[PDB]
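First, one chain by itself: the form deposited without the named molecule, in structure tokens.
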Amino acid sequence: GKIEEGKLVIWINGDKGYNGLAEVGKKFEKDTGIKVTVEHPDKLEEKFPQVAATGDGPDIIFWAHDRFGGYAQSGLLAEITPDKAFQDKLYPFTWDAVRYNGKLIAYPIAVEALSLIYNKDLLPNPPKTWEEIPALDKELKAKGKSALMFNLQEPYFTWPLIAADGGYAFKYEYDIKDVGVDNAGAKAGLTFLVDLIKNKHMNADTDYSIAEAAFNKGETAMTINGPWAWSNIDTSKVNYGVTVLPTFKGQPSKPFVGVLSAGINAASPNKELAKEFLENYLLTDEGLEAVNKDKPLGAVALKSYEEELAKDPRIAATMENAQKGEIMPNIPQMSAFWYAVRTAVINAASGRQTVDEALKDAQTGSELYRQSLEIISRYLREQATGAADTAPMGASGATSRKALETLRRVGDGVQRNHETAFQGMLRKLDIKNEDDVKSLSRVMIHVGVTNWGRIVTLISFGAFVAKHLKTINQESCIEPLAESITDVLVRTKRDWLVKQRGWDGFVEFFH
């Protein structure tokens, strides 16, 4: 393929200890004579699937575990198979974070959680609540200081506040259909954030570099950040502490907890070299120390070394916050969830959208895959078998139910009129089984200006193909067909779909 044999290319994010990781690479190189190269590309979490989708990219990819389910779903990750003895060296719950559809898809490295980081010289007793921060900022401003600065350009940092009074991503009691991005709890949290901005206690333009600089220069009493940030604070000589996030409406802030993880490119011809590196060089006391001494990892997955790091009050703080939060899902639409909420926070903070409308859009964006799949899967199946699914629609049931009713009505005419066209198209494609389904969805996408009619024709071809698959005793292929059409639709037409308020707009358009 495109990835070079006999060497290792490793990608890790720019806020992590990539110089320390390179030291581990240098030791691997010394032992074996095999080159290891560490890179930290911009927009890593977007660059990796771009290049890997064509069989290119790094042998080894590092990111929090939340992104890896999507990567695995898209066929970009190799299944990893550590022996029992190696598995038992790491905490079982860290392997859980990197299991997808029953398979391990990455090596867990470390548990990351956000904490409140405060300047002990300015603020010897950090606030226990978010609510007292406006008053604290007024006191500090009289001294030429501010109370709090953190990255507002990434939803990770604001999420703890959103989740505090009841906001959630996908319900965990998982029911993926149940999404809590625009409930009252999420709205209260984001509204508090926006009020801080409108009362000049924070600035909507604040990003990672700006907040880090302000804290490390001693201009702001507090920031919110993970363990990787501590190294630069050490260098700056600020007298800092790491503690529990403030409560909001008497409830703990609930950070989304990430497990830094290393995956192996499905297209790498160096999977055994990667395995050797990750298991016998990185995931050891010495390997993890080399990275940790560069930028702190947090609470590492390796039991032996975590027993040492656990005595650190900053790690104790980290795990305190982690226990109040929640391990991230790794479902394939986590990416779409984060994009949706990123846009909602930035738009609300800038005043481009009200909090209510911003979160409504993030709700629709986060629900889009599962809602679309429910409708499309049911349509394809009932079209293939001739009989409807009588199972309850579930959450947002009126929308799914009314969209399916609309799709049946409009779809009947589209299929009748396009029958000749569809027959010709199918014949040219030679679709025999599930391996043909992947390529099919892509071609279906292309075959300009977005409108619902074009989307009905797309789905109707899907139904036509579903009937064919049923007829040739490949009824098992219908659900991956449905999943593939859905993925194509919601990814390529995301912004338009959200602008229509999703399937509610479809129902309204054809009323």
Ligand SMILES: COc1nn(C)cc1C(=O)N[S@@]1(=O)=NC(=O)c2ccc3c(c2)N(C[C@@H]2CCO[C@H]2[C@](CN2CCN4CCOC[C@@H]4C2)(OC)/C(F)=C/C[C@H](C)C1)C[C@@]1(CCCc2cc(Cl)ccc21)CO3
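Start at 1 and count along the sequence shown; that's the residue number. By rigid core we mean the largest C-alpha set that fits within 1.5 Å across both forms.
> To spell it out: superpose each other structure in 8 other deposited structures of this protein onto this one by the rigid core, compute Cα RMS over structures and residues for 28-36 and for 448-456. Which is larger?
Comparing 448-456 with 28-36, the one that moves more in 8 other deposited structures of this protein is 448-456.
> With the rigid core held as the alignment frame, decide whether 430-438 or 326-334 lies farther from the shown form in 8 other deposited structures of this protein, in terms of RMS C-alpha distance.
When 430-438 and 326-334 are compared in 8 other deposited structures of this protein, the bigger C-alpha shift is seen for 430-438.
> Does the entry skip any residues of the deposited sequence between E173 and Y174, and if so, is it 1 to 3, 4 to 9, or 10 or more, or none at all?
1 to 3 residues lack coordinates between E173 and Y174.
> I'd like the number of residues from the deposited sequence that lie between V447 and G448 yet are not in the model, binned as none, 1 to 3, 4 to 9, or 10 or more.
Gap between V447 and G448: 1 to 3 residues without coordinates.
> Once you work out the mean C-alpha B-factor for both 390-398 and 279-287 from the entry, which is higher?
390-398 has the higher mean C-alpha B-factor.
> Tell me which stretch has the larger mean Cα B-factor in this entry, 84-92 or 260-268.
According to the PDB entry, the answer is 84-92.
> In the PDB entry, which of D137, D361, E131, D178 has its C-alpha at the highest B-factor?
Among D137, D361, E131, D178, the highest C-alpha B-factor in the entry belongs to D178.
> Of the options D182, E382, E112, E219, which has the highest CA B factor as deposited?
The C-alpha B-factor peaks, among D182, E382, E112, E219, at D182.
> What third of its chain's C-alpha B-factors does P124 belong to: lowest, middle or highest?
Highest third.
> Test of reading the entry: by CA B factor among the chain's modelled residues, which third contains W230?
Answer is middle: the recorded C-alpha B-factor places it there.
> By its CA B factor, does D66 count among the lowest, middle or highest third of the modelled residues in the chain?
Within its chain, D66 is a lowest-third residue by C-alpha B-factor, going by the deposited values.
> Going by the CA temperature factor in the PDB record, which third of the chain does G462 belong to: lowest, middle or highest?
It belongs to the lowest third of the chain when residues are ordered by C-alpha B-factor.
> Going by the recorded CA B-factors, say which third of the chain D56 sits in, lowest, middle or highest.
Middle third of the chain for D56's C-alpha B-factor.
Here the subject shifts to the form solved in complex with the named molecule, a form of this protein not shown in this document.
> Could you check the pocket for me: superposition on the site C-alphas, the named molecule placed as it sits in the deposited bound form, then open or blocked, blocked being at least 3 ligand atoms within 2.4 Å of backbone or C-beta atoms?
By the 2.4 Å criterion, blocked.
> Within 4.5 Å of the named molecule in the deposited bound form, heavy atoms considered, which of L122, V244, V410, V238?
The residue in contact is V410.
> I need to confirm a contact call. Of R99, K402, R378, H418, which residue comes within 4.5 Å of the named molecule in the deposited bound form, counting heavy atoms only?
Spelling it out, the residue with a heavy atom inside the cut-off is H418.
> Just to confirm the contact call: exactly one of 91-99, 176-184, 436-444, 124-132 touches the named molecule in the deposited bound form at a 4.5 Å heavy atom cutoff, so which is it?
Result of the contact check: 436-444.
> Taking the named molecule as it sits in the deposited bound form, is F461 in contact with it (heavy atom to heavy atom, 4.5 Å or less)?
Taking the distances in the deposited bound form, the answer for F461 is yes, it comes within 4.5 Å of the named molecule.
> Examine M425 and determine whether its closest non-hydrogen atom to the named molecule in the deposited bound form is within 4.5 angstroms.
Yes, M425 lies within 4.5 Å of the named molecule in the deposited bound form.
> Please check if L481 has a heavy atom lying within 4.5 Å of any heavy atom of the named molecule in the deposited bound form.
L481 belongs to the contact set for the named molecule.
> Is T457 one of the residues lying within 4.5 Å of the named molecule in the deposited bound form, judged by heavy atom distances?
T457: contacts the named molecule in the deposited bound form.
> Though the partner is not shown here, which residues of 482-508 have a heavy atom within 4.5 Å of the named molecule in the deposited bound form?
Residue within 4.5 Å: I485, and no other.
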